[PDB]
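Structure first, commentary second.
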Amino acid sequence: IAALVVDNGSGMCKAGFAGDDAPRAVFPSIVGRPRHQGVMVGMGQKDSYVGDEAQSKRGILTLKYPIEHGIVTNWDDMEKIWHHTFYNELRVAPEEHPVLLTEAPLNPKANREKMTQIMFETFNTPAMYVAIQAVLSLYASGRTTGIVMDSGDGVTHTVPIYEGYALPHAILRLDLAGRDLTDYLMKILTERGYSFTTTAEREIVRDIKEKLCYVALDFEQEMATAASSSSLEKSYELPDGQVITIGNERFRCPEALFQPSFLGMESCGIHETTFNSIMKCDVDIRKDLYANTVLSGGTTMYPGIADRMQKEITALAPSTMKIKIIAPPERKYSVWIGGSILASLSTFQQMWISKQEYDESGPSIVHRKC
Amino acid sequence: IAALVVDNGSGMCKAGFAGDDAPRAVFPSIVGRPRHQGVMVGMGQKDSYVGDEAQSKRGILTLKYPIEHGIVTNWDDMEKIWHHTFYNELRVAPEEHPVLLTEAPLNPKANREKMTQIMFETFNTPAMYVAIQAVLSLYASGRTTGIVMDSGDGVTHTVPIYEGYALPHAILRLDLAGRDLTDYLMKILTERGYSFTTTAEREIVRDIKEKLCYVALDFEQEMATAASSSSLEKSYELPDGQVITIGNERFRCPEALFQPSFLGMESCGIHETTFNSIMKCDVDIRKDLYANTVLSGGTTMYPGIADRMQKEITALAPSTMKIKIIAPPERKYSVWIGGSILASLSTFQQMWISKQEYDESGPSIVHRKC
Amino acid sequence: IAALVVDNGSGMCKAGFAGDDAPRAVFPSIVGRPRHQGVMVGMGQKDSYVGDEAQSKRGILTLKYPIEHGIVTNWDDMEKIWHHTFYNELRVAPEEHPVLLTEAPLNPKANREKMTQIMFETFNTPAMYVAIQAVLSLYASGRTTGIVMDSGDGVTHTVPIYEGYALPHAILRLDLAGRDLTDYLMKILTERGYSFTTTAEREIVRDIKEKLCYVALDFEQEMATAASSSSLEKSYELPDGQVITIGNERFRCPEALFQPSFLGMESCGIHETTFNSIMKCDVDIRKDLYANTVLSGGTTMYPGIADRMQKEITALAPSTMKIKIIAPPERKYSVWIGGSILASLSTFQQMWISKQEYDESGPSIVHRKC
């Protein structure tokens, strides 16, 4: 039967059948619960809201993301999200459909084991497999060589791969992501005067970040231009009806990816981490990695990200070196596209973790096929 | 049919049909194996890489030279290299083509026997023969009299030959070669500050040695000039993009051939060994050997080698003696050219080890025709 | 006057007067700088923190080790550390006290020259000298014959010495050290679930490595026992108050010294490098080297290191050979003890680089007395 590919990263759970060029169902990986006791008795009130329903009733619900950073903070909530995906979004019984999932590199095998145990004892799927997100991104890009810098809403990692073999010793994982960028946008918005403190407020700030933020090419000159000419100002309309005028915040919210000193973490920026991962590899395969850097995730859509990354990595890297920042469209769903390609490949169909193999061995079987 | 001449010395396996003035196929005698478990499943991954493919994927492979010094360290790897030569480089089935090989003098007949057994039980070649490399060099030089100082990447040997008869009692074999020179270049490069420790790094250092090193005429004055004027400095571009400035190393890397005290071996230099081999022969045939010294191998290309050898051998040898250091171009492939000439000669065509003779006698047949 | 011996290796700068059996002052070779702009104005805030003060304020400082591998990455920071050693730790004006230092073998004379220039133009010490660390370790061990395998926080090198003369042609330097082991401990800790990414986090991980890691005698059986019985688990208390339970990490963090394939470097393990250095020497002095192997450095304290090294070197070395792994206590300060012994020796007192000799010749004087 047709295998199912589900990517729970990038803040929004994207799932669909293998082979398609786009995911069938996409929605935020969000679980909502009521905050006030209701008075309506005739109206059907459900104890928990998941995904699009929780988004619709965002104003009167508490929102908890199950996936934090790259680890699970509420296995009950993630089980609820998976049930929603399998029964209310894709409309397919997992009892007869093999499933494929994604997980960020350098993640607890405690998390991986709970993932496998949930999917095998709750949904009893005939087969299962767990793959690295950025490897799937490289699958989607087609090329079999080149560093992939994935940066979802929870994780920011790079896994350089050369000529068919990965480089597990050069994997760098970084914490700055969509959630941290949203938090910085919160802080800078209350700096301007618009105070946001609520899960609903957080989602509105995330929408503002998606639809207004961009990365400059030279931060100092951009800041001076925005503070002097005041021509970069843009407006946004909140659901309450009050307009928000945003100035320096546009290129200060996503500047933390390159200057994490704004958020205070000592870790170097995304470009510096990519460059360090490049130098961590062998001295001979450096140029092919330079020429085939791939971006993905949900925190890469920003305008000018490719130009800024190219400029910074050119400044860091030695001269006489061509660094083509491959940033194709659909980076948001590139991970899912790669997962679909991997599941559709016939050779990979034999490397799955079958139910019989699971019942025979268990946790070992799962950290032995990854 | 056309006989095949294969020279596995000089670090790079050179093979081709007999009669041609240049070898048909040349490539490093190198075998590569993956160092990291791959993640790509669709991409065709082969367990072993040999020759040019291993050179192309040098950065993510472990490289082991089968031929060490002048002896085989991995018969499986050399069988793989021979299979590559016979099927993927020369594109000729050995089942109907006689084969000729080369071997350094003073080499284990255990090695020779394993060579013959491999080539007769694996490739089932109708006929076979093993010859001395430097005798082939003398064949290529045309002259039927004169010491040949061969120095490949593994061996450095001289076999004086006079008027059609060799001198087995004056054969001197020395260990300094391309591998030792590359190791000394490694040590002096980490002395300067560029640390190299990898097989890929070793191959890059070998390339640097080929394209930058040269032999001076007076070591002390050259060292003083390079340390004072700093006009001998040259730059090189690594595949990673970092330039390397090389000073005294240029004429210190190949100076070990004349002053092996740098590498610590008590054995005298190449010129001193040549002179000793000259005096080891008869008192009457000394002058013809002096006037017809022949160089060959892959560690002789260096600039100024002929001038330095001439000066040193003139200082060592008595006066009123003309020592013409015959150093023709194509010394790198001179061994193969001589092998092709020997195989093309019609008189030599009867001194081959046929398959029937092998099956009749074996090891004896092979140390009885050499 | 009493000469001063300063060892800047092993990650922690150890210095003190010559003749003493223990160093007077010891502290990490660490320089700290503020990460956030302060608000306190009355409190005395200094621009840079060095050594113990930086360790005390580790949580709010950025920590950069001046000595990287075996080379200097910030001469200003190392000058600051030396000033701290000379004025705030040993409390002695270097204007009237000769100084002795240590440096790993196969190190850039650019680094050595900057060392000498700093110490002669900044501290104007009447005399100076630079010695090899592992030779000092052999001095401390007393024996005048036997390979010393030094492995500090930056370098891992062996310099076989026989009957009063060193063997410069058999010196093998390896990059695996305390910093690499700490990095592997970081990776395996975020593998378990405890993510560490900060200089403070790195220092905490280094402390955990010091106080919890050990080397097994058979890696496969130890891994099986730890994964099955779960009796090797140990706990640690972070300064934040959260306990850390560590299992396989205990003997996986220092297993990289013997199986560097875990960190991905192609270089062979410490035991294999020691064995290779043993075979690199003369065929007659091999047994005395075997019977007198000496360990030192700050990455040797681990439990079971001597037993594992003895087993591995016995397996590698031929039989009927006694390999006594001499691992005396105080290996951490053995280098400094040897330096103190060398400075206290009266014969060595004439081989110093005086200030007049420096002003007369310079860089040459310094690479001519080493």
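The way I read the labels, and the way they are meant: chains A, B, ... in the order of the structure tokens, residue 1 as the first residue of every chain, and ligand 1 as the first ligand shown, with later ones counted on from there.
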Would you superpose chain B on chain A, least squares on all C-alpha atoms in order, and hand back the fitted chain as a short mmCIF file (atom, residue, chain, number, x, y, z; two decimals) with C-alpha atoms, in the first residue's frame?
```cif
data_model
loop_
_atom_site.label_atom_id
_atom_site.label_comp_id
_atom_site.auth_asym_id
_atom_site.auth_seq_id
_atom_site.Cartn_x
_atom_site.Cartn_y
_atom_site.Cartn_z
CA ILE B 1 0.00 0.00 0.00
CA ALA B 2 0.96 3.67 -0.12
CA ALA B 3 3.30 4.64 2.71
CA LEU B 4 2.57 7.67 4.88
CA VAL B 5 5.16 10.39 5.48
CA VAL B 6 4.64 12.63 8.49
CA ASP B 7 6.87 15.54 9.45
CA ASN B 8 6.12 16.89 12.93
CA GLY B 9 8.90 19.50 12.81
CA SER B 10 8.86 23.09 11.56
CA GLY B 11 6.18 23.87 14.15
CA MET B 12 3.41 22.61 11.86
CA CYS B 13 2.70 18.91 11.37
CA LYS B 14 2.76 18.14 7.64
CA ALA B 15 1.62 14.68 6.56
CA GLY B 16 0.45 12.96 3.40
CA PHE B 17 0.79 9.98 1.14
CA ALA B 18 4.16 9.09 -0.35
CA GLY B 19 4.82 10.07 -3.96
CA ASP B 20 2.92 13.36 -4.06
CA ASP B 21 4.80 16.59 -4.74
CA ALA B 22 2.93 18.39 -1.93
CA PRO B 23 1.67 17.24 1.48
CA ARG B 24 -2.02 16.36 1.63
CA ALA B 25 -2.67 17.79 5.10
CA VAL B 26 -0.83 20.63 6.85
CA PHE B 27 -1.71 22.35 10.13
CA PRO B 28 0.09 23.73 13.20
CA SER B 29 1.27 21.08 15.67
CA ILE B 30 -0.84 22.68 18.38
CA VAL B 31 -3.14 21.35 21.11
CA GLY B 32 -5.77 23.56 22.74
CA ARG B 33 -7.63 23.19 26.03
CA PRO B 34 -10.37 25.40 27.48
CA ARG B 35 -9.34 28.13 29.92
CA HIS B 36 -12.79 28.99 31.34
CA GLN B 37 -15.70 26.84 32.47
CA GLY B 38 -18.50 27.05 29.93
CA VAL B 39 -22.12 28.01 30.45
CA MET B 40 -23.51 26.71 27.16
CA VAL B 41 -24.89 23.21 27.69
CA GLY B 42 -26.56 22.51 24.35
CA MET B 43 -23.45 23.42 22.35
CA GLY B 44 -21.11 20.49 21.84
CA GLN B 45 -18.03 21.18 23.96
CA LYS B 46 -15.01 18.91 23.53
CA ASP B 47 -12.31 18.62 26.17
CA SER B 48 -9.38 19.12 23.79
CA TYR B 49 -8.84 20.94 20.50
CA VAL B 50 -6.09 19.93 18.08
CA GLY B 51 -4.75 21.67 15.00
CA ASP B 52 -7.05 23.76 12.84
CA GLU B 53 -9.93 23.70 15.33
CA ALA B 54 -7.62 25.01 18.06
CA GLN B 55 -6.41 27.67 15.63
CA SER B 56 -10.01 28.70 14.95
CA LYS B 57 -10.80 28.91 18.68
CA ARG B 58 -7.37 30.33 19.50
CA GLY B 59 -8.70 33.22 21.58
CA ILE B 60 -10.32 31.13 24.33
CA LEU B 61 -7.88 28.22 24.50
CA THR B 62 -4.49 27.52 26.02
CA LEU B 63 -2.00 26.39 23.39
CA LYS B 64 0.87 24.01 24.16
CA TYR B 65 3.25 22.85 21.45
CA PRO B 66 4.05 19.17 22.08
CA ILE B 67 7.33 19.36 20.23
CA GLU B 68 9.72 21.64 22.03
CA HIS B 69 13.10 22.36 20.47
CA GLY B 70 13.45 18.94 18.94
CA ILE B 71 12.14 16.89 21.83
CA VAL B 72 8.66 15.87 22.96
CA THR B 73 7.28 17.64 26.02
CA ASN B 74 3.85 15.95 26.11
CA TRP B 75 3.52 12.47 24.64
CA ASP B 76 -0.23 12.50 25.31
CA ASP B 77 -0.59 15.69 23.26
CA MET B 78 1.54 14.30 20.44
CA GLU B 79 -0.52 11.11 20.46
CA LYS B 80 -3.63 13.28 20.15
CA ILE B 81 -2.07 15.17 17.23
CA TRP B 82 -1.13 11.90 15.52
CA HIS B 83 -4.65 10.57 16.01
CA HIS B 84 -6.00 13.76 14.45
CA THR B 85 -3.62 13.39 11.51
CA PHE B 86 -4.49 9.73 10.95
CA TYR B 87 -8.28 9.92 11.37
CA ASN B 88 -9.49 13.50 10.79
CA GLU B 89 -6.96 14.85 8.25
CA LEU B 90 -5.64 12.03 6.06
CA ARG B 91 -8.70 9.79 6.63
CA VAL B 92 -6.75 6.53 6.50
CA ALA B 93 -6.62 3.73 9.05
CA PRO B 94 -2.96 3.21 10.05
CA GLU B 95 -3.69 -0.50 10.62
CA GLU B 96 -2.79 -1.21 6.98
CA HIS B 97 -0.49 1.67 5.92
CA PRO B 98 3.26 1.86 6.65
CA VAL B 99 4.38 5.12 8.25
CA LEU B 100 7.54 7.22 7.98
CA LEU B 101 8.51 10.01 10.38
CA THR B 102 11.19 12.65 10.80
CA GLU B 103 13.44 13.57 13.72
CA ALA B 104 16.17 16.15 14.16
CA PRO B 105 19.76 14.90 14.53
CA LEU B 106 21.31 14.66 17.99
CA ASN B 107 18.01 13.83 19.67
CA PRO B 108 17.37 11.59 22.70
CA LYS B 109 16.80 7.95 21.86
CA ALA B 110 14.48 8.11 24.84
CA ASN B 111 12.35 10.34 22.62
CA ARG B 112 12.87 8.02 19.65
CA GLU B 113 11.89 4.98 21.71
CA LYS B 114 8.74 6.63 23.02
CA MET B 115 7.91 7.60 19.42
CA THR B 116 8.29 4.02 18.20
CA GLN B 117 6.44 2.55 21.19
CA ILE B 118 3.51 4.93 20.74
CA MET B 119 3.23 4.27 17.02
CA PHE B 120 3.53 0.49 17.42
CA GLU B 121 1.31 -0.10 20.47
CA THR B 122 -1.35 2.54 19.74
CA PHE B 123 -1.71 2.70 15.94
CA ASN B 124 -0.31 -0.84 15.36
CA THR B 125 1.15 0.20 12.01
CA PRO B 126 2.54 -2.76 10.00
CA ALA B 127 5.86 -0.95 9.46
CA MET B 128 7.65 2.19 10.61
CA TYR B 129 10.86 4.14 10.12
CA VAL B 130 12.50 7.28 11.51
CA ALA B 131 14.74 9.47 9.36
CA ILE B 132 16.69 12.70 9.75
CA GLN B 133 14.88 15.81 8.55
CA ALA B 134 17.79 17.46 6.75
CA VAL B 135 18.69 14.21 4.98
CA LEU B 136 15.13 14.31 3.66
CA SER B 137 15.73 17.91 2.58
CA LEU B 138 18.80 16.76 0.65
CA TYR B 139 16.61 14.04 -0.88
CA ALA B 140 14.14 16.70 -2.03
CA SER B 141 16.93 18.83 -3.51
CA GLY B 142 17.95 15.82 -5.63
CA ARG B 143 21.70 16.28 -5.26
CA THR B 144 23.55 13.47 -3.48
CA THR B 145 26.21 15.85 -2.12
CA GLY B 146 26.04 19.10 -0.19
CA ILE B 147 25.48 20.47 3.30
CA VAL B 148 21.83 20.98 4.21
CA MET B 149 21.15 23.69 6.79
CA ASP B 150 17.74 22.84 8.18
CA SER B 151 16.10 25.28 10.58
CA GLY B 152 12.58 24.43 11.70
CA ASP B 153 10.52 26.08 14.39
CA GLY B 154 12.30 23.97 17.00
CA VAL B 155 15.75 23.03 15.70
CA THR B 156 18.52 24.45 13.52
CA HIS B 157 20.96 21.77 12.33
CA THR B 158 23.34 21.00 9.48
CA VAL B 159 24.37 17.53 8.31
CA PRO B 160 27.04 17.66 5.57
CA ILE B 161 26.73 14.73 3.15
CA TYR B 162 29.25 13.85 0.43
CA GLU B 163 28.90 11.38 -2.45
CA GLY B 164 26.34 9.17 -0.76
CA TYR B 165 27.76 9.06 2.78
CA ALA B 166 26.85 11.35 5.66
CA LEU B 167 29.32 12.92 8.09
CA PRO B 168 28.04 12.18 11.61
CA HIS B 169 31.14 13.77 13.17
CA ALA B 170 30.39 17.19 11.61
CA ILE B 171 26.75 17.52 12.72
CA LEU B 172 26.12 20.84 14.47
CA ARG B 173 22.76 21.44 16.16
CA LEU B 174 21.71 24.94 17.22
CA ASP B 175 18.79 26.06 19.35
CA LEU B 176 17.77 29.30 17.62
CA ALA B 177 14.58 28.63 15.69
CA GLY B 178 11.07 29.86 15.02
CA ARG B 179 10.08 29.84 18.69
CA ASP B 180 13.12 31.88 19.72
CA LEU B 181 12.56 34.33 16.87
CA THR B 182 8.93 34.70 17.94
CA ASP B 183 10.05 35.34 21.52
CA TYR B 184 12.47 38.02 20.34
CA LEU B 185 9.67 39.56 18.28
CA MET B 186 7.56 39.60 21.44
CA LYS B 187 10.30 41.39 23.36
CA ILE B 188 10.88 43.96 20.61
CA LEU B 189 7.14 44.54 20.20
CA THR B 190 6.70 45.31 23.89
CA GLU B 191 9.81 47.44 23.39
CA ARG B 192 7.87 49.46 20.83
CA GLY B 193 4.74 49.53 22.99
CA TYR B 194 2.56 46.61 21.85
CA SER B 195 2.67 44.16 24.76
CA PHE B 196 1.93 40.52 23.89
CA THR B 197 1.66 37.88 26.61
CA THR B 198 -0.65 34.95 25.76
CA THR B 199 -0.56 31.88 23.53
CA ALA B 200 -3.00 33.64 21.19
CA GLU B 201 -0.73 36.68 21.25
CA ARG B 202 2.20 34.38 20.49
CA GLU B 203 0.43 32.95 17.45
CA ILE B 204 -0.42 36.47 16.23
CA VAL B 205 3.23 37.45 16.68
CA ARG B 206 4.25 34.36 14.71
CA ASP B 207 1.91 35.41 11.89
CA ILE B 208 3.42 38.91 11.96
CA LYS B 209 6.90 37.36 11.80
CA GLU B 210 5.88 35.29 8.79
CA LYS B 211 4.26 38.17 6.90
CA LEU B 212 6.51 41.15 7.79
CA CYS B 213 10.03 40.14 8.85
CA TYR B 214 13.01 40.04 6.50
CA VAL B 215 16.80 39.79 6.71
CA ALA B 216 18.95 42.70 5.57
CA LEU B 217 22.31 42.58 3.79
CA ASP B 218 24.15 44.96 6.16
CA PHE B 219 22.64 45.31 9.62
CA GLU B 220 24.28 48.59 10.62
CA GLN B 221 23.33 50.42 7.43
CA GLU B 222 19.80 48.98 7.51
CA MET B 223 19.36 50.13 11.12
CA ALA B 224 20.64 53.61 10.27
CA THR B 225 18.34 53.85 7.23
CA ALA B 226 15.29 52.70 9.19
CA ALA B 227 16.04 55.06 12.09
CA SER B 228 16.71 58.07 9.83
CA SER B 229 14.58 57.89 6.67
CA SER B 230 11.65 56.02 8.30
CA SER B 231 10.70 54.62 4.88
CA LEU B 232 10.89 50.93 5.89
CA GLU B 233 7.89 51.25 8.22
CA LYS B 234 5.04 48.83 7.53
CA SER B 235 1.61 48.34 9.07
CA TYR B 236 -0.27 45.24 10.16
CA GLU B 237 -3.90 44.62 11.13
CA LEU B 238 -4.62 42.66 14.30
CA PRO B 239 -7.87 40.68 14.62
CA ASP B 240 -8.97 43.20 17.26
CA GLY B 241 -8.78 46.02 14.70
CA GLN B 242 -5.79 47.98 16.05
CA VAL B 243 -3.05 48.65 13.50
CA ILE B 244 0.61 47.98 14.33
CA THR B 245 3.40 50.02 12.75
CA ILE B 246 6.68 48.09 12.66
CA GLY B 247 10.06 49.65 11.89
CA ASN B 248 13.44 48.25 12.91
CA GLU B 249 11.67 45.13 14.18
CA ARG B 250 11.32 43.87 10.59
CA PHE B 251 15.05 43.17 10.28
CA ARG B 252 15.77 42.88 14.01
CA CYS B 253 13.49 39.87 14.61
CA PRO B 254 15.38 37.57 12.18
CA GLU B 255 18.80 39.14 12.77
CA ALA B 256 19.15 36.95 15.86
CA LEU B 257 19.83 34.01 13.54
CA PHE B 258 23.15 35.66 12.63
CA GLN B 259 23.81 37.57 15.88
CA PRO B 260 22.51 35.39 18.73
CA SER B 261 24.05 37.88 21.17
CA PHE B 262 20.70 39.68 20.91
CA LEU B 263 18.99 36.71 22.58
CA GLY B 264 22.05 36.30 24.80
CA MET B 265 23.09 32.78 23.83
CA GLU B 266 26.85 32.49 23.40
CA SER B 267 26.43 30.16 20.41
CA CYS B 268 27.51 31.66 17.10
CA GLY B 269 25.09 32.55 14.33
CA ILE B 270 23.59 30.28 11.70
CA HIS B 271 26.12 31.30 9.05
CA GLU B 272 29.04 30.79 11.44
CA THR B 273 27.72 27.35 12.41
CA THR B 274 27.38 26.41 8.75
CA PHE B 275 30.95 27.56 8.11
CA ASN B 276 32.22 25.62 11.13
CA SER B 277 30.43 22.49 9.95
CA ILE B 278 32.06 23.00 6.55
CA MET B 279 35.54 23.14 8.07
CA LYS B 280 34.78 20.16 10.34
CA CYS B 281 34.69 17.85 7.30
CA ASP B 282 37.58 16.54 5.24
CA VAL B 283 39.91 18.97 3.48
CA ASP B 284 39.14 17.51 0.04
CA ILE B 285 35.31 17.53 0.09
CA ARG B 286 35.06 21.13 1.30
CA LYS B 287 34.50 22.74 -2.10
CA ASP B 288 31.59 20.49 -3.09
CA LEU B 289 29.92 21.29 0.23
CA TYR B 290 30.53 24.99 -0.41
CA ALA B 291 28.97 24.83 -3.87
CA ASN B 292 25.89 22.88 -2.72
CA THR B 293 24.64 24.39 0.52
CA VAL B 294 20.91 23.70 0.86
CA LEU B 295 18.41 25.53 3.06
CA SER B 296 15.11 24.15 4.35
CA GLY B 297 12.73 24.41 7.29
CA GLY B 298 10.08 26.93 8.21
CA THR B 299 12.47 29.62 9.45
CA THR B 300 14.18 30.11 6.08
CA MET B 301 11.33 31.59 3.99
CA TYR B 302 12.40 35.11 5.07
CA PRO B 303 13.31 37.52 2.26
CA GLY B 304 17.00 38.16 1.68
CA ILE B 305 18.08 35.14 3.74
CA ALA B 306 19.94 33.62 0.79
CA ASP B 307 21.73 36.88 -0.02
CA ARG B 308 22.76 37.50 3.58
CA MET B 309 23.93 33.91 4.03
CA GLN B 310 25.91 34.08 0.79
CA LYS B 311 27.60 37.34 1.81
CA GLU B 312 28.46 36.12 5.31
CA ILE B 313 29.73 32.71 4.18
CA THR B 314 31.78 34.40 1.45
CA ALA B 315 33.37 36.70 4.03
CA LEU B 316 34.09 33.75 6.33
CA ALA B 317 35.26 31.30 3.66
CA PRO B 318 38.54 31.72 1.76
CA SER B 319 38.54 33.57 -1.55
CA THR B 320 38.56 31.89 -4.99
CA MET B 321 35.63 29.86 -3.65
CA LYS B 322 32.13 29.80 -5.14
CA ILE B 323 29.41 29.36 -2.51
CA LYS B 324 26.09 28.95 -4.30
CA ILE B 325 23.39 29.16 -1.62
CA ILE B 326 20.81 26.77 -3.06
CA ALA B 327 17.48 28.11 -1.73
CA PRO B 328 14.73 26.64 -3.91
CA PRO B 329 11.07 27.54 -3.38
CA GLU B 330 8.90 25.34 -1.15
CA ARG B 331 11.63 25.10 1.51
CA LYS B 332 8.76 24.97 4.01
CA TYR B 333 7.60 21.59 2.66
CA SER B 334 10.96 20.41 1.27
CA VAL B 335 11.40 18.05 4.24
CA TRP B 336 8.06 16.40 3.50
CA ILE B 337 8.85 16.21 -0.22
CA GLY B 338 12.11 14.45 0.58
CA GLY B 339 10.33 12.07 2.92
CA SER B 340 7.82 11.24 0.20
CA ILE B 341 10.66 10.61 -2.27
CA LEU B 342 12.44 8.35 0.21
CA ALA B 343 9.29 6.35 0.94
CA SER B 344 8.50 6.05 -2.78
CA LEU B 345 11.99 4.73 -3.57
CA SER B 346 11.81 0.96 -4.00
CA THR B 347 15.28 0.16 -2.63
CA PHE B 348 14.48 1.86 0.68
CA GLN B 349 11.29 -0.21 1.02
CA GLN B 350 13.29 -3.13 2.47
CA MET B 351 14.98 -1.10 5.24
CA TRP B 352 11.74 -0.63 7.20
CA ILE B 353 11.09 -1.67 10.80
CA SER B 354 8.35 -4.28 10.47
CA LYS B 355 5.92 -5.10 13.27
CA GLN B 356 7.33 -8.62 13.60
CA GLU B 357 10.88 -7.27 13.92
CA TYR B 358 9.68 -4.79 16.54
CA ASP B 359 7.94 -7.47 18.60
CA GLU B 360 11.07 -9.61 18.28
CA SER B 361 13.66 -7.04 19.39
CA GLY B 362 12.26 -3.60 20.20
CA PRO B 363 14.27 -0.48 21.15
CA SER B 364 17.37 -2.10 19.75
CA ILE B 365 15.72 -2.72 16.42
CA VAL B 366 14.94 1.01 16.33
CA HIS B 367 18.35 2.49 17.12
CA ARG B 368 19.84 -0.05 14.76
CA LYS B 369 17.93 1.09 11.70
CA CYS B 370 18.38 4.86 11.50
#
```
Mind checking DSSP for stretch 57-294 of chain B and telling me the strand (DSSP E) residues as a PDB file with C-alpha atoms, in the first residue's frame?
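Output file states_36.pdb follows:
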```pdb
ATOM      1  CA  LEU B  61      37.592   7.244   1.741  1.00  0.00           C
ATOM      2  CA  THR B  62      40.438   5.457   3.474  1.00  0.00           C
ATOM      3  CA  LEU B  63      43.348   4.872   1.103  1.00  0.00           C
ATOM      4  CA  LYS B  64      45.695   1.894   1.422  1.00  0.00           C
ATOM      5  CA  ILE B  67      52.382  -2.202  -2.739  1.00  0.00           C
ATOM      6  CA  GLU B  68      54.508  -1.165   0.183  1.00  0.00           C
ATOM      7  CA  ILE B  71      56.398  -5.909  -1.351  1.00  0.00           C
ATOM      8  CA  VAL B  72      52.669  -6.601  -1.342  1.00  0.00           C
ATOM      9  CA  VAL B  99      50.880 -10.609 -19.534  1.00  0.00           C
ATOM     10  CA  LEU B 100      54.212  -9.162 -18.413  1.00  0.00           C
ATOM     11  CA  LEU B 101      54.871  -7.607 -15.007  1.00  0.00           C
ATOM     12  CA  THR B 102      57.642  -5.805 -13.144  1.00  0.00           C
ATOM     13  CA  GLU B 103      59.222  -6.385  -9.741  1.00  0.00           C
ATOM     14  CA  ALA B 127      51.404 -16.888 -20.459  1.00  0.00           C
ATOM     15  CA  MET B 128      53.181 -14.723 -17.912  1.00  0.00           C
ATOM     16  CA  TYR B 129      56.604 -13.343 -17.036  1.00  0.00           C
ATOM     17  CA  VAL B 130      58.181 -11.237 -14.291  1.00  0.00           C
ATOM     18  CA  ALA B 131      61.078  -8.878 -15.014  1.00  0.00           C
ATOM     19  CA  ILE B 132      63.207  -6.398 -13.083  1.00  0.00           C
ATOM     20  CA  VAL B 148      70.329   2.204 -14.064  1.00  0.00           C
ATOM     21  CA  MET B 149      69.346   3.923 -10.812  1.00  0.00           C
ATOM     22  CA  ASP B 150      65.636   3.281 -10.488  1.00  0.00           C
ATOM     23  CA  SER B 151      63.741   4.995  -7.682  1.00  0.00           C
ATOM     24  CA  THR B 156      65.304   2.766  -4.897  1.00  0.00           C
ATOM     25  CA  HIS B 157      67.658   0.271  -6.542  1.00  0.00           C
ATOM     26  CA  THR B 158      70.556   0.116  -8.995  1.00  0.00           C
ATOM     27  CA  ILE B 161      74.672  -4.076 -16.495  1.00  0.00           C
ATOM     28  CA  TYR B 162      77.651  -4.400 -18.847  1.00  0.00           C
ATOM     29  CA  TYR B 165      75.170  -9.356 -18.794  1.00  0.00           C
ATOM     30  CA  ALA B 166      73.848  -8.077 -15.477  1.00  0.00           C
ATOM     31  CA  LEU B 172      72.049  -2.264  -4.026  1.00  0.00           C
ATOM     32  CA  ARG B 173      68.470  -1.684  -2.870  1.00  0.00           C
ATOM     33  CA  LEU B 174      67.561   1.354  -0.775  1.00  0.00           C
ATOM     34  CA  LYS B 234      56.190  29.735  -3.549  1.00  0.00           C
ATOM     35  CA  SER B 235      52.460  29.380  -2.957  1.00  0.00           C
ATOM     36  CA  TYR B 236      50.067  26.487  -3.480  1.00  0.00           C
ATOM     37  CA  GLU B 237      46.272  26.244  -3.478  1.00  0.00           C
ATOM     38  CA  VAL B 243      46.950  28.976   0.347  1.00  0.00           C
ATOM     39  CA  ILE B 244      50.219  27.402   1.507  1.00  0.00           C
ATOM     40  CA  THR B 245      53.499  29.324   1.347  1.00  0.00           C
ATOM     41  CA  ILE B 246      56.492  26.980   1.124  1.00  0.00           C
ATOM     42  CA  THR B 293      74.260   6.108 -15.611  1.00  0.00           C
ATOM     43  CA  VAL B 294      70.503   6.030 -16.241  1.00  0.00           C
TER      44      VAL B 294
END
```
Requested in this report: Using backbone DSSP assignments, extract all alpha helix (DSSP H) residues from stretch 112-264 of chain B; output them as a ChimeraX atom specification.
Outcome: /B:112-121,133-141,178-192,199-212,219-228,249-252
